[PDB]
Amino acid sequence: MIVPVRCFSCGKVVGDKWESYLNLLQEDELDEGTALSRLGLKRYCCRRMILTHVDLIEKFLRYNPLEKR
Amino acid sequence: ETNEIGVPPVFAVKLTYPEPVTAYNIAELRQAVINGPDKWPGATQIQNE
Amino acid sequence: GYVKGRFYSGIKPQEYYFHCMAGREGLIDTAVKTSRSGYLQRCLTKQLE
Amino acid sequence: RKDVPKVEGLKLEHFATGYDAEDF
Amino acid sequence: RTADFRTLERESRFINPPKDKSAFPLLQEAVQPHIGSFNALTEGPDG
Amino acid sequence: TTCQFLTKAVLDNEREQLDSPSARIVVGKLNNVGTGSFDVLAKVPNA
Amino acid sequence: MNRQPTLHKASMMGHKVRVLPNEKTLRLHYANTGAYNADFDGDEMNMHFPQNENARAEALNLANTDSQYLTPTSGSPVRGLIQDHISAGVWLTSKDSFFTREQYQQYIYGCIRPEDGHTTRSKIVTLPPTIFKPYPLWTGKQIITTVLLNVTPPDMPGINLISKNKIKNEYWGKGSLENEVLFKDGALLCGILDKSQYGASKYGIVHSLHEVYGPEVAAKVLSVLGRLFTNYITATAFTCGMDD
Amino acid sequence: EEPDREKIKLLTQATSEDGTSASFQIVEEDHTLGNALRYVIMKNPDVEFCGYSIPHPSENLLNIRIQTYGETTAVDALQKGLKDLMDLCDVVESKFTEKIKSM
Amino acid sequence: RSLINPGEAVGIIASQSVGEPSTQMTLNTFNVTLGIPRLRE
Amino acid sequence: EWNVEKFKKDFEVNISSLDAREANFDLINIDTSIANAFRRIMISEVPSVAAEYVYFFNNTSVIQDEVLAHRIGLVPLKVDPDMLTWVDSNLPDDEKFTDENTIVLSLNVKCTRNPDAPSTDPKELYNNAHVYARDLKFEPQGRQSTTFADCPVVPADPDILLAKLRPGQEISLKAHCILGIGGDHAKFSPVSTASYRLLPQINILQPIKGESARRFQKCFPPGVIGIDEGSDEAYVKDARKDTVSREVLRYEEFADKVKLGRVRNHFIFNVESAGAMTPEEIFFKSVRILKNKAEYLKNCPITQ
Amino acid sequence: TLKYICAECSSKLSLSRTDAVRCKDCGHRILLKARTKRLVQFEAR
Amino acid sequence: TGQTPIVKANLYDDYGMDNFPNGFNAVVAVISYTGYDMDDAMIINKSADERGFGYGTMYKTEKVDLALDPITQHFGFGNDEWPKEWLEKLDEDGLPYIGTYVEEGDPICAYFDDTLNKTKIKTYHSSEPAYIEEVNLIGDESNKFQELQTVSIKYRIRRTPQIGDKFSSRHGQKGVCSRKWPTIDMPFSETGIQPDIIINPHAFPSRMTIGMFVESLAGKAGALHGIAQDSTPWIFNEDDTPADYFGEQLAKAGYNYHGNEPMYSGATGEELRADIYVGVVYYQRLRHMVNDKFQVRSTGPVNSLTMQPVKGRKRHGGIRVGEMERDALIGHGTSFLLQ
Amino acid sequence: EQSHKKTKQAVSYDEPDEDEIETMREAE
Ligand SMILES: [Zn+2]
Ligand SMILES: [Zn+2]
């Protein structure tokens, strides 16, 4: 669904780094690796957390029984 | 132990043994009676003579 | 069907398909085995109890 | 048979606890 | 240089469901014997 | 064939001596094997 | 304890109740895996609680686990340690395994607790070190000698057994006798301990102990070894990788 | 004021007649205090044997066995162990405060 | 001291000693009748 | 012979880097049993403040109540403990929660539509679409609403995404933040990771000077192996910078000419904070917990 | 404030007894029961 | 919490499997440490589970139809008759409040039938408690005479990973959760990471799942450098080994070539004998909850004819002691246990 | 198939519904 709060392995907050990661890939045009480094993710456990995140919430939200069309 | 079984506390509070009250075990059973059926080691019931 | 390849280095597609054959062959035998020791033991125990 | 292509410009991305990527 | 995962491409498609030809034609090619079979019940030559 | 063996028993006017493990279980008697292969008697001092 | 199908009387044994807090499943030791033919792949077991002393005495002296060490089919053992414990033993009883006074005494109390009635001397007896000078050091095999010295009766003499290992001498280098399992007056003096010694294998150390000291002692040795190797695998882990 | 009696308990089923050997049982404790306490108790020249054992992970218990030579009870060896661990922590706390200022 | 105790159910033990290991011979041949079919005969 | 004063003579501390969030310090000539004790306490026993009871009034979002409640609990709050007392579990809820035992955080967000030219941005297309940790408004109640005047309750990381919404959806809740330990739940662990690594030891058995010295230098990270000249042997400049990859041992020319060990006495601790307490405060409290644990057993009756 | 959301047009329209189970704005026969303001206690675990 | 695999075949994207994630990328250490992991049992990290690792939910839908031609049962509450505190679960319409917690025995809906002239309720009954996710009223199969009789209620049952739940890698290595081991008691890496999942090394020699071994060093290499690796079959050769390929990648990143890591014990704190094999493996949580048939009976109900414990787990039923167990009790010569 | 055997508390020994039933299809 949404970006998890804290890394499953150690507990380093990862939830504030999702939207910032896409901005480093889009606007900054950086590679996956360097973008994660600039966010402050050096442990491979914290690295995979954001890198491997799907974000199905954006797909899920497109079905809204409260708004017409 | 290799001769033991790990019993969940769920089973321990339901499975009871009819222990006859005597002078040698009056102390042990009095506590069980006070503890009741939800506190282990307790007692669910008491059978009169 | 002689596989020169190992699981560390990997197995070629021809070897893979042949390994799939031999691997399944055992599971097929476990599906076609009507013989059971249930009734055989039940007949002995009732006469020897 | 063509070999599996290696990844371009692979650098060190793991160091000691209190040591950053200051060493080049 | 690698056989990478589409991250930017994925998230954009999640927000924007295509209005043209659907992505992943192989997924529609998987149900091709089912849909095609029922399609031939009315459509095609000889009615 | 419970009813068949029962019929044969009745017609024979048979007495089930209750000496088989099965028969003892049917009538709620202690099995004659192992701990049931003997009797326990208490030694009493007063005449 | 019952694990269906009950194909033989060893699949219905008498166990000692140990109420474990915050548990939702029946906990069972690895030594029981064989007799029940139960694998922890989501298996189910039935627990029966007999309601009288005659039924109690029977489940504690006749149908109890310890009296089911040997199956009546071939008179061979169906009780022993299964995986981590076997790999732990090959490492612990290896010549290269040395231990300091602090380490050695810890491994002893880790598996032998006098308060739980594991001892036979009411005081944990300890062997002198195998290395005196420069530093006092105990060998791995000495831990096995100490465990037996505290679980076997003091009135009886030590076990004498000349057995063999699954691991050939060639693997341990030149001129090693590490395949020959040697027990002289209850002391492991030569050879490591395999699946062939504390597994469900005939004429091993546990079976030899079972014949000389009885089923209760053999059961104590199995539980003691089972704890020792669990504690040893916690302090000194075992792994498998690509390098292997 | 009331002192807690459920924490430290002397297992009389294992205590030496007198007075060197005893097994103690502490509730709500594990490796954290356990390994640290047996380390400090082992530094005592009068302690013959010492180790710690956790009966089972599910039950909140910690067992520590202290076997000493003469002229000192196991209770005294435990009391010395706790008294020394407190002083050891003071040393750690003092040195850390000093190096923070030294920076 | 190795003698069988009077009362021992050697009957059940025998059938269990023939039954339980005959589960290990449920697998097919790798001329004469073998395994469970021969035991049934 | 070991004395507590003899320990003071050899025990050393070395601070490499002390940032506002993470501190990298060393504990020299101390036992594994004591270093591991502090490590265990810093993760499990050092008390911290995190949301525990989320009271929902409405949740029309895609994110389930349980999931949304769990996320709020995981969000670290920049709240210093000691300001809060420990909650008692036996007395009922009306007596349980007080101004001294509980901190309240409210979340009230309603999504609507906005007119903009259309891929279009969610911040442009909808209003209050993304719910962040900064949207958890602090509500001070009772006897003390002046104690947190110069200390407002704000999440350590505010830009944490809590929920995503579309117009019509709403979130209305009252979260009760309480004092708890890391052993109970990972949400209460005040540390992001408190771990130590032993000082790597490189025992050079042979001089191995020349071009082999330059080959040996490449086996370890840049700032580890230093070479004087072509001769003057090959020394270890900073064995602390070593990653312990054992790369030197997988070469026939060095496999027997070098040994890779450790300094059992030397510990390199790395403590990062969630945001509530400073990494020093977390370590100090860990030493204070170990001392108090030994002190509580000292002044205690040995029953039976 | 009583609520019932339409499944098709998503219009929030509630209807009482002796009334057709259909949306007023459009002819749809399925109605979603909306969430009202009510306390639901949860543990942040 | 669905996650995209680091180690994957490129056909995963060709079928757009990212639209439906089937697992999560976990730090898996091939280690025998806890003692609770052995052959069919694996260990999950407590602090990982506490952080929402492998969390799942289960949705169940029920149809409450009033059919069993004149309408008798009506959704809502009847006047003059009202049993105590029912308004806590159901709204004025007789339908439940969407979001409400329900246990077995709680009212899931309310109605009134004129034949009995009493206000009755349809009870919710299941061992697992739930929350109401969706309530839909359907009044179809009528032209002008419209009135509701059919209602569809969806239950949300939260399912945290429990001791007994099965977990498996993409290499056919399934194991039940033996225990949820605490992070302090868990082995900690040189990096300061403790594994999310612990697999026992004694699983691999019999299964021969080397694909998982190469997946471990590939997943680790891809997590560090930030690049997905192709694990499509027959891509690699005997000359071009993946163990050498990702081994070179692991060495370049600053880790051990053979995929090992120097780990320390969580209990003693000392460094373990040898470097432990750790990596990133894509794990899958199997849907089955194995302890569904968990029961206990002291003295429950009995059948009238036999006067023996009645069959039924939820009904406080008895465990059957069959002919085989009878045979076993005769076997031990244990006549009082049989009695 | 094994998920069902996992919960079923057996009445007796397996069952002869296989080849045994066709062998038992012969009178004396
Ligand atoms: Zn992490
Ligand atoms: Zn409508």
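We read in the header that X-ray crystallography, 3.3 Å was used to get this structure.
Placed from the backbone N, Cα and C atoms, the Cβ positions cover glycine too.
Annotated features, as they stand in Swiss-Prot:
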- A:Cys7, A:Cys10, A:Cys45, A:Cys46: Zn(2+) binding site (BINDING)
- A:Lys59: ubiquitin cross-link (CROSSLNK)
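Sequence features, as recorded in Swiss-Prot, placed on the structure.
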residue: A:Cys7; record: Zn(2+) binding site; CB count, 10 Å: 26
residue: A:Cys10; record: Zn(2+) binding site; CB count, 10 Å: 29
residue: A:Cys45; record: Zn(2+) binding site; CB count, 10 Å: 28
residue: A:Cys46; record: Zn(2+) binding site; CB count, 10 Å: 27
residue: A:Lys59; record: ubiquitin cross-link; CB count, 10 Å: 20
For A:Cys7 (Zn(2+) binding site) and the residue listed as 'ubiquitin cross-link', determine the Cα separation and express it in whole Å.
23
Look up A:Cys46 (Zn(2+) binding site) in the DSSP assignment and reduce it to helix, strand or coil.
helix
To the nearest Å, how far is the Cα of A:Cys45 (Zn(2+) binding site) from the Cα of the residue listed as 'ubiquitin cross-link'?
26
Integer Å distance between the CA atoms belonging to A:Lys59 (ubiquitin cross-link) and A:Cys46 (Zn(2+) binding site)
24
Can you give me the Cα-Cα distance between the residue listed as 'ubiquitin cross-link' and A:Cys10 (Zn(2+) binding site) in Å, rounded to a whole number?
29
Under 8 Å Cβ-Cβ to anything in chain L: which of these recorded positions pass, A:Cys10, A:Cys46, A:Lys59?
A:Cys10, A:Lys59
